[PDB]
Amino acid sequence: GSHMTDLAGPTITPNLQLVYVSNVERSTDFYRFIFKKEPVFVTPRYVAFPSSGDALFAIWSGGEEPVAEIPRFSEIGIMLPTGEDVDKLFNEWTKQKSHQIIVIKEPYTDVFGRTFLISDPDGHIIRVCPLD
């Protein structure tokens, strides 16, 4: 070709979503349950789960320990194909008994569509909604 397209560095993508956890074992168990998936990389302080493409979601005990009382300003979002899927997942999580699932917001409509919020063991906010 005549196409010198690789002279400006690698692409810059927010391909990691990382949350600080108090205990990696407990959070690994929690996210295995939420995602119905095994992690792709496991170490005692850092565990990664797949996202789309080359992106990852990771839990890490090397940051600052989360404090329950402190308000949070970001969310771990899970986009499902349809609004029916959102309601089915809410029903599944709130009916099953083994795993504690803390509901923060009941299903409602927001900018995302039909959506609900739960908390993880360290107070991280998880949103379920439809695909864009």
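Numbering starts at 1 and runs along the sequence shown.
When the C-alpha B-factors of 5 to 13 and 115 to 123 are averaged, 5 to 13 comes out higher. When the C-alpha B-factors of 81 to 89 and 99 to 107 are averaged, 99 to 107 comes out higher. Note on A55, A58, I70, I76: the highest value goes to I70, judged by CA B factor as recorded. Among the modelled residues of its chain, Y46 has a C-alpha B-factor that falls in the lowest third according to the deposited record.
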